[PDB]
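Report on the structure given below.
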Ligand SMILES: O=C(NCc1cccs1)c1ccc2nccnc2c1
Ligand SMILES: [Mg+2]
Ligand SMILES: [Zn+2]
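In the authors' numbering, the protein residues as written are 458 to 770.
Pasting the structure below:
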């Protein structure tokens with residue numbers, strides 16, 4: 458009960474900021490996550506024996522892939538933490554619980570390949586789940602880990618609260634499918650401008666939670682430039698592995714994924730910030746004004762990519 462986690466001073470201050478980097482010390486990340494659940498949720502939300510056992514089993518089931526790894530899990534959980542702490546009264550006790558667990562679990566057992574590559578490979582997961590293949594898998598893996606003896610961190614919830622928390626986590630993990638972002642954001646942009654957006658309307662909250670999930674998932678573009686630039690490397694390490702695996706199926710991959718076409722990366726990053734990142738954080742700032750720093754940092758990184766193109770770095 459009286460056992461808090463404390464970070465060193467600098468982490469303790471920086472962790473409250475959207476652009477916080479969780480750092481290179483793997484052994485500190487579970488502590489960081491627990492610190493965030495205790496501050497976001499309460500010391501009371503989870504039995505700490507079970508939370509620790511849940512965290513270390515989730516970590517075990519992330520793979521040693523360049524980007525879609527444990528560090529990404531905790532980085533995405535941190536971004537959700539910054540949004541929840543900056544919007545303290547807009548979210549239920551159940552949503553703050555569910556959403557940080559959703560983020561930590563959102564890419565469980567990722568192999569570093571797009572849904573498109575699973576479909577073209579004809580992977581068994583593609584037979585089992587026709588759309589949002591990896592994301593239906595990540596939710597399935599979360600439910601598997603929650604069911605291990607000693608891991609049900611939600612055990613103290615009523616029957617109905619339990620079903621609600623697993624529904625929040627399912628929708629939240631499905632929403633990380635970028636293919637669903639475009640429709641979701643458009644619907645949110647219309648609802649906001651026509652003035653019909655209503656946070657007491659569940660269908661509306663669901664959509665807003667989807668946007669948050671996309672925003673947290675992409676939060677690499679919202680870091681200080683050296684973090685953004687060095688994370689892009691890991692992201693492209695995966696894209697190029699997949700491009701290589703496409704060429705092994707006798708399919709020329711899209712330029713983004715072709716390691717032969719590295720030159721085109723800066724322009725591809727511009728399109729990504731323009732088509733995806735900026736619209737995402739713009740719409741999110743409109744619905745949740747206190748998330749303006751994510752839109753600001755993203756605009757800043759777009760400009761850095763423009764400078765890279767103009768040969769200035
Ligand atoms: O998923 C990416 N590109 C393919 C698609 C975009 C939209 C729908 S499918 C992508 C591209 C570039 C990134 N740079 C940074 C972070 N995340 C990134 C993610
Ligand atoms: Mg994912
Ligand atoms: Zn992710």
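Here a beta-carbon is modelled for each residue, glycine too, at the ideal position from N, C-alpha and C.
Nearest-angstrom beta carbon gap, residue j and residue i [assumed within contact, 8 Å]
{"i": "residue 570", "j": "residue 702", "result": "7 Å"}
{"i": "residue 679", "j": "residue 751", "result": "5 Å"}
{"i": "residue 645", "j": "residue 740", "result": "5 Å"}
{"i": "residue 542", "j": "residue 467", "result": "Between residue 467 and residue 542 the Cβ distance is about 18 Å, and since that is not below 8 Å, they are no contact."}
{"i": "residue 715", "j": "residue 700", "result": "5 Å"}
{"i": "residue 559", "j": "residue 479", "result": "Not really, about 18 Å apart at Cβ, beyond 8 Å."}
{"i": "residue 582", "j": "residue 588", "result": "The Cβ separation is near 12 Å, so there is no contact."}
Host alpha helix (DSSP H) of residue i (start-end)
{"i": "residue 495", "result": "486-497"}
{"i": "residue 712", "result": "Unbroken run through residue 712: none, as it is neither H nor E."}
{"i": "residue 474", "result": "Neither: residue 474 is in no alpha helix (DSSP H) and is coded neither H nor E."}
{"i": "residue 610", "result": "That residue, residue 610, is in no alpha helix (DSSP H); it is neither H nor E in DSSP."}
{"i": "residue 465", "result": "Careful: residue 465 lies outside any alpha helix (DSSP H) and carries neither H nor E."}
{"i": "residue 581", "result": "581-585"}
{"i": "residue 616", "result": "616-632"}
{"i": "residue 569", "result": "Taken as a continuous stretch (DSSP letters only), residue 569 belongs to no alpha helix (DSSP H), as it is neither H nor E."}
{"i": "residue 551", "result": "550-562"}
{"i": "residue 720", "result": "Segment: none, residue 720 is in no alpha helix (DSSP H) and carries neither H nor E."}
Inter-residue spacing [alpha-carbon to alpha-carbon] between residue i and residue j
{"i": "residue 579", "j": "residue 573", "result": "10 Å"}
{"i": "residue 743", "j": "residue 647", "result": "12 Å"}
{"i": "residue 757", "j": "residue 576", "result": "36 Å"}
{"i": "residue 643", "j": "residue 552", "result": "23 Å"}
{"i": "residue 697", "j": "residue 469", "result": "37 Å"}
{"i": "residue 629", "j": "residue 640", "result": "15 Å"}
{"i": "residue 562", "j": "residue 592", "result": "10 Å"}
{"i": "residue 656", "j": "residue 638", "result": "19 Å"}
{"i": "residue 754", "j": "residue 728", "result": "17 Å"}
{"i": "residue 609", "j": "residue 512", "result": "11 Å"}
{"i": "residue 684", "j": "residue 663", "result": "30 Å"}
{"i": "residue 671", "j": "residue 718", "result": "27 Å"}
{"i": "residue 491", "j": "residue 472", "result": "12 Å"}
{"i": "residue 532", "j": "residue 617", "result": "30 Å"}
{"i": "residue 731", "j": "residue 725", "result": "10 Å"}
Pick out every residue whose C-beta is nearer than 6 Å to a heavy atom of ligand 3: which are they, in chain order? 529, 533, 563, 564, 633 and 674
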